Amino acid sequence: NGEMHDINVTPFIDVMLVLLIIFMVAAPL
Amino acid sequence: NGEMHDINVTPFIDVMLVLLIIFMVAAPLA
Amino acid sequence: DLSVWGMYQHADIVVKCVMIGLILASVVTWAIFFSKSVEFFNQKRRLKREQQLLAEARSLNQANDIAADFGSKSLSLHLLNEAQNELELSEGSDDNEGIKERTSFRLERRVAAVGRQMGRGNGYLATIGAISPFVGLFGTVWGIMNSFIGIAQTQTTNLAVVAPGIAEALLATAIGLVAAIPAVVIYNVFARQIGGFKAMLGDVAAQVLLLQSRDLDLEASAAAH
Amino acid sequence: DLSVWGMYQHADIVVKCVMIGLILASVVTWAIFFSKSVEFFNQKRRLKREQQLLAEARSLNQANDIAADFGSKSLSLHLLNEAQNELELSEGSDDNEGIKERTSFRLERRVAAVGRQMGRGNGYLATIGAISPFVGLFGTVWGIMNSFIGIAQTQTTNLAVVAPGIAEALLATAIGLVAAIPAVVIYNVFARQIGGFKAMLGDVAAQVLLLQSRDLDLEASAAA
Amino acid sequence: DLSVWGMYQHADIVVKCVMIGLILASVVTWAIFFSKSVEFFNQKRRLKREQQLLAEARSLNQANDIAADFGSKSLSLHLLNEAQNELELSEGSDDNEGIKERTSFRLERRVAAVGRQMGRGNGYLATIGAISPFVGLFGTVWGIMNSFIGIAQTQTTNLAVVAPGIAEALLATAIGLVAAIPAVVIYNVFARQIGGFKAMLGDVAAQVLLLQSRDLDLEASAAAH
Amino acid sequence: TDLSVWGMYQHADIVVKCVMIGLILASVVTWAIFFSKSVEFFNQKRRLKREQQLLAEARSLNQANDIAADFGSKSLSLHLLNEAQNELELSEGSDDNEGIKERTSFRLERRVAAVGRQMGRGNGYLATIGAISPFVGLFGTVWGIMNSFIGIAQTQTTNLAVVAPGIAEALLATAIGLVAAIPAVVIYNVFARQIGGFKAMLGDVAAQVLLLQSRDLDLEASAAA
Amino acid sequence: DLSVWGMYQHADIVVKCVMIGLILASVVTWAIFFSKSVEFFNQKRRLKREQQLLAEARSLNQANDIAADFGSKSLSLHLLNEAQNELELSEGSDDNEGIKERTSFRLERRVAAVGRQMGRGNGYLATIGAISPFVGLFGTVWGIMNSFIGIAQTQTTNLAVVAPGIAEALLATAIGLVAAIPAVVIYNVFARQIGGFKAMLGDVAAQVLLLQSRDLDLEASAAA
Amino acid sequence: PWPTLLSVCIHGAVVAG
Numbered sequence: 012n013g014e015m016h017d018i019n020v021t022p023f024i025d026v027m028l029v030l031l032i033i034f035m036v037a038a039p040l
Numbered sequence: 012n013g014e015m016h017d018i019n020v021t022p023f024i025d026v027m028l029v030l031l032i033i034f035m036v037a038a039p040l041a
Numbered sequence: 009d010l011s012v013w014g015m016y017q018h019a020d021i022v023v024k025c026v027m028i029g030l031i032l033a034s035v036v037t038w039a040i041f042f043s044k045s046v047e048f049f050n051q052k053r054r055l056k057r058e059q060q061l062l063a064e065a066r067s068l069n070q071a072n073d074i075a076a077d078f079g080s081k082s083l084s085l086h087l088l089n090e091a092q093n094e095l096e097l098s099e100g101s102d103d104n105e106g107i108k109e110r111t112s113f114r115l116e117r118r119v120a121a122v123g124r125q126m127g128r129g130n131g132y133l134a135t136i137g138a139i140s141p142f143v144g145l146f147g148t149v150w151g152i153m154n155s156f157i158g159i160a161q162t163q164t165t166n167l168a169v170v171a172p173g174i175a176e177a178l179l180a181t182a183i184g185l186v187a188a189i190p191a192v193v194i195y196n197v198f199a200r201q202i203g204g205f206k207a208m209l210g211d212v213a214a215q216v217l218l219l220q221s222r223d224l225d226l227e228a229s230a231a232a233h
Numbered sequence: 009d010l011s012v013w014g015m016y017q018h019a020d021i022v023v024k025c026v027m028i029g030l031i032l033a034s035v036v037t038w039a040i041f042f043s044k045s046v047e048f049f050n051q052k053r054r055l056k057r058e059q060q061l062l063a064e065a066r067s068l069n070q071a072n073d074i075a076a077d078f079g080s081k082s083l084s085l086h087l088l089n090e091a092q093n094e095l096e097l098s099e100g101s102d103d104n105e106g107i108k109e110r111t112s113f114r115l116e117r118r119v120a121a122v123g124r125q126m127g128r129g130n131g132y133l134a135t136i137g138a139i140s141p142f143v144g145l146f147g148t149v150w151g152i153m154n155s156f157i158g159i160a161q162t163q164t165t166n167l168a169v170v171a172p173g174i175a176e177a178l179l180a181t182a183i184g185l186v187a188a189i190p191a192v193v194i195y196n197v198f199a200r201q202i203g204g205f206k207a208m209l210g211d212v213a214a215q216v217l218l219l220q221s222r223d224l225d226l227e228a229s230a231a232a
Numbered sequence: 009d010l011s012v013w014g015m016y017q018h019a020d021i022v023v024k025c026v027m028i029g030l031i032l033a034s035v036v037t038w039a040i041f042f043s044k045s046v047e048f049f050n051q052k053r054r055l056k057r058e059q060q061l062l063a064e065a066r067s068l069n070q071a072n073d074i075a076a077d078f079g080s081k082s083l084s085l086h087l088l089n090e091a092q093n094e095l096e097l098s099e100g101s102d103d104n105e106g107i108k109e110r111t112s113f114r115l116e117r118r119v120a121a122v123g124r125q126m127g128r129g130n131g132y133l134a135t136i137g138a139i140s141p142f143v144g145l146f147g148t149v150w151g152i153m154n155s156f157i158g159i160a161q162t163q164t165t166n167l168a169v170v171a172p173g174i175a176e177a178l179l180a181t182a183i184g185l186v187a188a189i190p191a192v193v194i195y196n197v198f199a200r201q202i203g204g205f206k207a208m209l210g211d212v213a214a215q216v217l218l219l220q221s222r223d224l225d226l227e228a229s230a231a232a233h
Numbered sequence: 008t009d010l011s012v013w014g015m016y017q018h019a020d021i022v023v024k025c026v027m028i029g030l031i032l033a034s035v036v037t038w039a040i041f042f043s044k045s046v047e048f049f050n051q052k053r054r055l056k057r058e059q060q061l062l063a064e065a066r067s068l069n070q071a072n073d074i075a076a077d078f079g080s081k082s083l084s085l086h087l088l089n090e091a092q093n094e095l096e097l098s099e100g101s102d103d104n105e106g107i108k109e110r111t112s113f114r115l116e117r118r119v120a121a122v123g124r125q126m127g128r129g130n131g132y133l134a135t136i137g138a139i140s141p142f143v144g145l146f147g148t149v150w151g152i153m154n155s156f157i158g159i160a161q162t163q164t165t166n167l168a169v170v171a172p173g174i175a176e177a178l179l180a181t182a183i184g185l186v187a188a189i190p191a192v193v194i195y196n197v198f199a200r201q202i203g204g205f206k207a208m209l210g211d212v213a214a215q216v217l218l219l220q221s222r223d224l225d226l227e228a229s230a231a232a
Numbered sequence: 009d010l011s012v013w014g015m016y017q018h019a020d021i022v023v024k025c026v027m028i029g030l031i032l033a034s035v036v037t038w039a040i041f042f043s044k045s046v047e048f049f050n051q052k053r054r055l056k057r058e059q060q061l062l063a064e065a066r067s068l069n070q071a072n073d074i075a076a077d078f079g080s081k082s083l084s085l086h087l088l089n090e091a092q093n094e095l096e097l098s099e100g101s102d103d104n105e106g107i108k109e110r111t112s113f114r115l116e117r118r119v120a121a122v123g124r125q126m127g128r129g130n131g132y133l134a135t136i137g138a139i140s141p142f143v144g145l146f147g148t149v150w151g152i153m154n155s156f157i158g159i160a161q162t163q164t165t166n167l168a169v170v171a172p173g174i175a176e177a178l179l180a181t182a183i184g185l186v187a188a189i190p191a192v193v194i195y196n197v198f199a200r201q202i203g204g205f206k207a208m209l210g211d212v213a214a215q216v217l218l219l220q221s222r223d224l225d226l227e228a229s230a231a232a
Numbered sequence: 010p011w012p013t014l015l016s017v018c019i020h021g022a023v024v025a026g
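Residue numbers (the authors' numbering), protein chains in the order written: chain Z, 12 to 40; chain Y, 12 to 41; chain C, 9 to 233; chain D, 9 to 232; chain B, 9 to 233; chain E, 8 to 232; chain A, 9 to 232; chain F, 10 to 26.
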């Protein structure tokens with residue numbers, strides 16, 4: 012059957028990268 | 012065939028989560 | 009502030025409409041789960057009893073007599089009528105193989121049609137399971153954007169001033185997975201249920217097809233005597 | 009500045025190119041949806057009405073007389089006149105199971121050919137749906153990498169300095185998500201509609217074989 | 009602080025629920041592994057031994073005489089009974105080809121039915137190994153939220169504040185993987201074992217069909233002479 | 008002192024240099040396969056369309072030979088037509104036609120499958136590159152992250168500005184990893200679609216050859232009445 | 009001094025066990041590759057030669073004589089014996105359609121069995137290719153978690169004392185991917201090799217059925 | 010056999026340093 016129904020969550024990698032840079036810059040002040 | 016021919020997501024997510032946690036210990040520690 | 013409701017209250021309109029759209033997709037996922045599960049349990053419980061009766065049948069005429077009281081909308085009754093209908097539509101022909109072939113072909117389609125009809129709503133579960141991570145994440149990205157565009161103009165330095173927005177953002181992907189995971193689990197369960205039921209209905213279709221093919225050969229031998 | 013347009017104009021060449029690539033993919037998706045849905049809805053609605061009129065027929069010539077006023081583009085008339093063509097091409101033959109098998113084979117090829125043509129656009133919908141997230145990921149990584157290359161220029165840093173650089177890297181994935189979301193929805197809508205259409209057309213072809221097979225056996229049985 | 013217990017008992021109620029839910033998913037996957045593996049080995053071993061005995065048989069009558077001493081729930085004796093029953097129910101027929109088609113069709117149904125029955129537990133294995141990564145991920149997102157809520161509440165970035173959120177994210181990841189890895193291994197082990205076993209059963213079924221078919225053709229030949 | 012996209016590769020560690028070279032080689036081979044395969048696929052498709060549309064008017068297998076005779080030795084449809092003619096040529100002593108019809112159906116089905124399988128020849132590279140290039144990217148990434156933390160552990164500095172260049176190399180290894188992945192997985196899917204379409208279309212020509220042969224045999228048999 | 013060997017020598021016992029687990033998985037995937045590479049090379053080389061020998065044959069008796077000097081492990085000789093044995097067990101009968109059916113069913117069983125029996129190792133390769141990133145991930149997650157609870161107590165505000173623990177943890181996912189990549193490569197190579205081999209063996213079986221099918225019809229015609 | 014032994018030999022050459 013041709014339908015698609017499985018999770019793709021790859022854009023959350025983008026959020027993790029954005030979190031990584033803001034911790035790197037802001038956290039040690 | 013059944014040949015692996017696709018980008019699987021979860022190893023990528025989990026290693027990036029591991030890298031995020033690494034910068035969440037290291038960066039506020041510094 | 010600083011709680012799931014208090015941060016939903018102090019969120020962005022677009023992040024609110026994501027959280028609302030995800031909660032609606034979640035309640036639809038549970039509504040279709042209870043509705044479909046209660047139907048499949050009744051259709052399986054019925055068909056099991058029909059098979060336990062028809063397993064005792066030894067001729068097609070005896071199978072019609074055994075089936076005579078079954079519910080109108082029962083699947084086994086429909087198939088027995090499907091086989092008997094071909095046998096009377098074909099009445100003028102002595103080509104038995106033809107009758108077997110046309111009957112086999114009809115029963116096959118009807119079994120596929122029942123299996124397909126039983127799967128009616130699953131496109132919602134497939135869509136919700138595939139899409140709800142993406143939209144939940146669109147909630148995160150937009151919430152990060154509409155807070156970071158604020159610090160870009162306000163020249164902020166304290167991560168704390170933006171931590172509330174980041175928490176409100178990350179809640180949208182938490183809600184994202186909470187809609188996604190039930191929908192994938194339930195879609196995989198109903199795919200297995202339909203496979204099991206369609207196979208079991210194919211078994212009841214084989215029982216009538218065998219009874220017909222047996223009686224045609226026995227009647228042909230009785231004529232050839 | 010604060011604007012989506014201004015930060016697009018400010019962004020790096022690679023990520024601007026990714027944003028335009030994903031916007032053109034979003035446009036095509038929608039072009040495919042409107043182009044398919046207006047034709048497919050009309051052809052679904054057409055075929056159902058043919059099945060309503062044919063479902064009462066009892067011999068293949070009677071089904072032809074029912075179909076005789078259907079338009080030349082009717083799939084049901086295409087199947088019926090094809091089953092009548094396999095009879096007329098071998099009229100001078102008495103191999104009845106030969107006529108049945110040749111007809112069954114022709115209608116199987118025709119139903120597959122119509123079904124395969126009915127799905128014409130789906131390759132783009134499936135690909136844009138599965139792959140646009142990864143094009144968004146490449147766009148972001150490149151922006152995030154460029155922001156660390158910005159930090160490597162000087163010992164000075166503040167999150168107010170990197171803010172537009174991480175905002176353009178986010179915008180690249182926001183465009184990726186807005187392009188992927190419609191494509192997955194539209195692909196599943198057509199995958200379910202095509203499955204129903206394949207079934208309706210298959211059950212019309214099944215009725216044509218049944219009509220032929222009975223009337224051919226009954227004609228042969230008249231010799232008794 | 010303490011290495012795991014102290015860290016777990018300090019975690020948020022949502023993460024405690026995810027942890028306990030995944031530990032239950034872990035114990036059920038090991039339970040159905042041991043529970044079905046000892047059945048599966050016994051069914052593989054018995055079917056191998058029955059095949060090794062039936063391999064010499066040269067008529068279906070001889071195949072009954074060698075198989076009749078097999079256990080009351082033997083798979084091979086079930087197929088020999090099935091083919092013998094299709095013959096005894098058909099004894100008025102002169103067409104042997106109808107006996108061959110009906111026997112082939114009935115054995116194909118029974119091989120498929122045992123194939124479904126042997127798969128009984130695999131829905132858990134295939135589901136848990138597919139979704140426990142995302143259930144772990146949801147737990148990490150909650151730990152990440154709790155870290156930013158900590159920062160927002162103290163308005164500071166000190167490591168003590170994010171410590172509980174990252175502790176939660178580590179545990180939810182770790183148990184997410186500990187649920188996934190066994191389920192993916194055990195699912196592949198049973199997919200391979202099912203393929204091998206269902207193929208052996210299909211080979212025994214094919215031997216019965218061969219042996220019956222050859223006998224019917226020799227009986228027809230011996231009458232025609 | 009300063010760096011750029013190239014300068015970052017020029018200062019990188021030998022392990023991640025070797026990974027980046029691996030992805031650029033995977034990129035140039037996946038595009039070289041695409042242009043080579045695409046130019047073949049277009050010419051094969053365009054030839055077969057013209058051959059089918061020209062064969063569509065044939066009324067007997069003898070006429071189809073006269074139509075096809077000037078196609079050329081590389082023609083798929085002349086090959087299939089010969090296969091069909093050769094089964095009659097080898098069967099010349101047979102009175103039975105049903106055997107010829109069956110053998111020809113079997114041969115032409117194997118030829119259609121063989122041409123479909125033969126067009127797939129390069130696809131092992133496209134599938135493998137699309138599957139491994141993400142992982143092979145991550146490895147480079149992780150190795151760069153390790154080298155950055157090893158740099159701190161071996162030098163006792165605590166300023167994250169010395170980490171930034173090292174993790175820029177790491178994220179670049181992921182970036183080039185996706186630049187190799189995405190074309191390969193897109194192009195593998197595209198060709199899998201184009202193979203299925205071509206194999207089905209060739210099957211339509213094979214069906215016309217079977218229909219012509221089957222029909223003209225039944226007429227030749229009728230002429231004995 | 010924290011070189012790869014020193015990091016392994018200075019790691020937690022649980023993550024040491026993860027390193028050994030992945031290294032043993034790396035050993036077994038390369039052992040399977042060398043073991044099966046010579047098997048496919050020898051079995052495919054032999055079967056291609058046997059096919060080019062048999063492609064000349066024009067009756068089943070000629071094929072039996074051509075193959076008569078093939079070695080006892082020859083797959084084409086095994087299929088020719090499987091076909092010949094259905095003739096000698098059928099000797100007292102004249103249902104040629106029955107002999108053709110029974111032979112077809114036996115050869116398709118045997119070709120399926122050889123294919124299944126020749127994909128022996130793939131359960132390891134597919135499993136290791138799927139799970140080796142995740143057991144590597146479990147190793148690094150555990151290593152980080154140890155280093156964190158390490159700063160939870162004996163609080164040390166210095167970044168430089170955790171950096172070894174970060175590298176020792178990351179090495180577990182690096183070793184994970186070094187095991188995973190060969191497993192996915194080798195698995196695809198053998199999936200494609202088996203696909204080609206299984207189809208080549210199917211074409212040999214098809215020639216045996218075609219030779220027998222002609223021979224029985226020719227004999228029945230010559231008996232008229 | 011010799012494939013298993015050869016695999017641990019190449020891993021022995023690669024682990025050295």
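Beta carbons are placed, not taken as given, at the ideal position from N, Cα and C, and that holds for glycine.
Beta-carbon proximity list for residue i, same chain, < 8 Å, skipping 5 on both sides
{"i": "B/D9", "result": "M15"}
Same chain, Cβ closer than 7 Å to residue i, neighbours up to 5 away in sequence not counted
{"i": "B/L87", "result": "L115, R118, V212, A213, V216"}
Expected contact under 8 Å - CB spacing of residue i and residue j to nearest Å
{"i": "residue 8 of chain C", "j": "C/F198", "result": "What the structure shows of chain C is the stretch from 9 to 233, and residue 8 of chain C is not part of that stretch, so it cannot be assessed."}
{"i": "C/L30", "j": "B/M153", "result": "About 16 Å; that fails the 8 Å criterion."}
Bounding residues of the alpha helix (DSSP H) (the contiguous stretch that carries residue i)
{"i": "B/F146", "result": "130 to 162"}
{"i": "A/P172", "result": "171 to 230"}
{"i": "residue 7 of chain B", "result": "This structure leaves residue 7 of chain B out entirely; chain B is present only between 9 and 233."}
Residue environment, residue i, which counts as buried when at least 16 other CB atoms sit within 10 Å
{"i": "residue 242 of chain C", "result": "This structure leaves residue 242 of chain C out entirely; chain C is present only between 9 and 233."}
{"i": "D/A231", "result": "exposed"}
Using 8 Å as the Cβ pair cut-off and three pairs as the minimum, do the segment 191 to 205 of chain C and the segment 158 to 169 of chain C touch?
no
Three-pair Cβ contact test at 8 Å for the segment 170 to 188 of chain B versus the segment 132 to 151 of chain A:
yes
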